[PDB]
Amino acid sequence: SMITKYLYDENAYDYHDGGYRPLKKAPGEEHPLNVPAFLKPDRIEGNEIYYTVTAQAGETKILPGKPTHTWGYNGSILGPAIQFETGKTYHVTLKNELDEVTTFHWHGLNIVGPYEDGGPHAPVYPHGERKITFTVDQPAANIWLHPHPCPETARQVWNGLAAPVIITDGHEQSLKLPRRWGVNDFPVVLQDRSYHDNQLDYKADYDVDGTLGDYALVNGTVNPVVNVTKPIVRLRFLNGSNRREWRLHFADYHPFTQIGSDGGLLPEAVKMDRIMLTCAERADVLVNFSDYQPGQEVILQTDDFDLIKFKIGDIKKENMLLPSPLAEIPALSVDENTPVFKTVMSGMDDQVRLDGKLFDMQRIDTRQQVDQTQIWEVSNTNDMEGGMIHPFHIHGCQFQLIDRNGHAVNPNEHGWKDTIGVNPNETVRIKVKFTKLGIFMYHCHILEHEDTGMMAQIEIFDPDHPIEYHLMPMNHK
C-alpha cells in the first residue's frame, strides 16, 4: 500500500488549460543547487531572538551571459533560511529597500493580524521599516515568507521575493532526521520563470489565469545538481510558483517517504512514488539513495521533465527507520451547536470570485470567535471538463481535513494543512480553530487569482475583550 497516484483530479490539471506551456530545458551548464545559509540573529537576550530581514534589489547569475536583475531578502534573489523555534519570542525588523511598497507575510505562521501577519494591511513603504514581535506557538513545520501587497503580490513573488522558513521543536528534534544543511537536508523551492534578454518581465508574461514560466528555477538555480554523499536525504519541497503544479517523481519511480505537510509532521510517514503540489503547498520528504551505485545519476522529474540531478557519490548504505506514530496530531472538536460555514470559489481567468465577490480591503466578510473550532465547507464550482484546481489558503491558522466530497481525504492530509487544492465540482470540509485575535485573509493561492480579488477577510474576536480595527481603503496608487 505505497501511494502510486497523484492525489488531485487529472481532468483538471494545469495542462488542460488552453494557454498552458510545458517546461523546457534552460540554457547553460549544470550548476550545483543553491542552498541558502541560515539567517544569523542580530542579538539573543533570554528566550528573545532578534532578526533583521531586508527586501532589496540585486543581480543574480542565472543563465549564460548577463546577470538577471532580481529581488531578494538579504541578498539578490530568494532569501536566507530563517529558523524559528516553538516557545521562543522573535523581534524582527522588516526593512524595505525597494522603490515600492511591500509586506512581509509569514505564510503558515500563527501570528496575530492584520499587522504582524504582514498581509495587505501592513505596508512597509520604500526605505521604511516595521518591527514585529511574536512568540511561536505551533509545532515544527516548513513555512515561508513572501510579500503580500494587494494587488502586486504575483509580480513581487515573480521578481524574486520568497524565503524558506523552518520551525523546530522538541518532538522533531527527538527524531533521527538527516540534518546537515546542504549535505543531507535541503530546501527545494520550486518555481518557473521566463526570461527576456536574461531579464524578468512580469508584464510581458502575465496571464490573469496564472502566470507560467518556461524554465524550472529551483532555489534560484537552473539545471540544478545535488551531490549525494550520505544516502538518506531530506527534501523540503515548496511550490513557490504563481500557478504551475509540480507532479514530482524519480525517473524510475523510486519510492520516497512523506513525513510532513504544510503545518507539520504527519501522524504517520506515507510511502509514495510520486506527489503533486499546488501553489504554496509543502511536502517534507525522505529519500533513501542506498540501492543505487556510486557514479549513478538519479533524476527527479516533474511530469516527463528532468528537474534535479542527483549524483550518487561514495555512499555507505543505510536504512531510514521512523517511529509509528510519527507525531501526535490533537483532534480539534466542534461544538455541534455551530453551523458549517460555506465558502464558494467560482470562475476562472478574470471571472474568478469568492462567494460571488471580489476582495474589498474595508469589508469584513465573516467573523468567528477565538479558540472555537468551526467546520468550513469549501467548494469549487468550475466544470469537471474545462475547470481548474484552486489552492485554497487561510491565514493565521493550521487546519485539519474532514472529507473531500464525503469520502476520505487524501492519504497525506491527516495532519495539519494550510493550503488545500480544491478540484472542480468538489466540496471539501475542514476544521478551523483560530488561536490568535485579529483580521485574517482567506483566498486562492494562484497569485493572479488573489490579485484579481479571489480573496476575503475574517475577524477573529474575544467577547468582552473586544477591539475595534481601523481598516483603511487601499491607498490610491
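Just count from 1 along the sequence shown to find any residue number.
As listed in the deposited structure, the average C-alpha B-factor of 234-242 and of 287-295 is greater for 287-295. Averaged over Cα atoms, the B-factor as recorded in the entry is higher for 54-62 than for the other of 421-429 and 54-62. As recorded in the PDB entry, 323 shows the highest C-alpha B-factor of the residues 255, 323, 164, 147. Between the residues 120, 213, 267, 187, it is 120 that shows the highest Cα B-factor in the PDB record.
Ranked by C-alpha B-factor against the other modelled residues of its chain, residue 369 falls in the highest third. Ranked within its chain, residue 411 lands in the lowest third, by CA B factor from the PDB record. Ranked by C-alpha B-factor against the other modelled residues of its chain, residue 23 falls in the lowest third.
In the deposited entry, the Cα temperature factor of residue 115 places it in the highest third of its chain's modelled residues. In this PDB entry, the Cα temperature factor of residue 202 sits in the top third of its chain's modelled residues, the highest group.
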